[PDB]
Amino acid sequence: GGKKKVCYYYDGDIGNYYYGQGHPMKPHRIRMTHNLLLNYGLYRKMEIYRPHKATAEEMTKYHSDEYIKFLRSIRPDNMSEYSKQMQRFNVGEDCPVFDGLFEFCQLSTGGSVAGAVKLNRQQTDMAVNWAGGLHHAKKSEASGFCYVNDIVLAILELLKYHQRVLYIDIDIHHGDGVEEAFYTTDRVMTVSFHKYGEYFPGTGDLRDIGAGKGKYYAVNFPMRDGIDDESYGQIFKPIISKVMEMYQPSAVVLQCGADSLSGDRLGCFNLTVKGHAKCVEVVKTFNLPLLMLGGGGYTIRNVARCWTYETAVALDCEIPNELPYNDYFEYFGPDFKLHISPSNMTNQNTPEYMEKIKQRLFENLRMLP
């Protein structure tokens, strides 16, 4: 399918937002990512855009007027005047109020949508927005560190020019927000691979398959602790292949949540950057308008490496394992390499389990026209 034109969305301000003392979600990781790919000379091969700030008008194409209205108003100075509404909208602990909250959502969202609009116009083959991928956010509620669901809004944009859009979610956590939004339609197929069993967000069972017009247009691959490169690659390509064959989308959205990497602070998977990036490689080969977003990721050196590498994969541009000098060079010790080693954790996902789940999803997929 040849080399592909990549467009890439980043706001220099994004790293300055702070969830608070001790919070694992660190918007700084995107700036590190940015700096890393810059120092590898990857700006030479792609177009760089600074997203606009998405507006409430844009946000309410999915979200309720009341919830956005709230997000626009809530500040740390005025919290105690909003306790009820906070509780209503699950803003308080997991999803803290911080300085610039709304603007952060605006910039996060603005890349996802600008990416979609760019793809809609047939001006890029791939769009990259690492600040996006906030799959947990719900119509009137924040969840799992996400406030505004940029993915959904982006898909609402793609649906303007595409009958069928494929959403794939390789974050360790289940894409409930996206799944939920599109649960009753066939215009969006959602595919989430994720840890399942006593683990946020609690949804994403094999048996969760959509409803109504959208029965079989939601697909879930529940996994256990310690999944590795061979196990993941054993099933990702076969499943993505069958899905492409049966569903035939004309646009793909790929959430590349990096918390599925080995050594993640909150994750319990054992993938490498290469294993992780293999997913991007597989979806790439299909040659469809492809929007790539971020998501989870809490060992921030590993997040930087992951998305740097995956941007380079978008570009089909080989980069050395020797990290170039960069503004965060010390975060990458003691090795200063691009690629990571798996840990020695047990893979609870037997080869047999992986084959069984895949055979069951195959059954489900036979049910499409």
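Residue indices: 1-based, along the sequence shown.
Higher average CA B factor: 79-87, of the stretches 290-298 and 79-87. Of the two stretches examined, 70-78 and 255-263, the record assigns the greater average C-alpha temperature factor to 70-78. The PDB entry assigns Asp169 a C-alpha temperature factor belonging to the lowest third of its chain's modelled residues. In the deposited entry, the Cα temperature factor of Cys95 places it in the highest third of its chain's modelled residues.
Ranked against the other modelled residues of its chain, the C-alpha B-factor of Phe102 as given in the entry falls in the middle third. The entry lists a Cα temperature factor for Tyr43 that places it in the highest third of the chain's modelled residues.
Per-chain ranking of the deposited C-alpha B factor places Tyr18 in the highest third.
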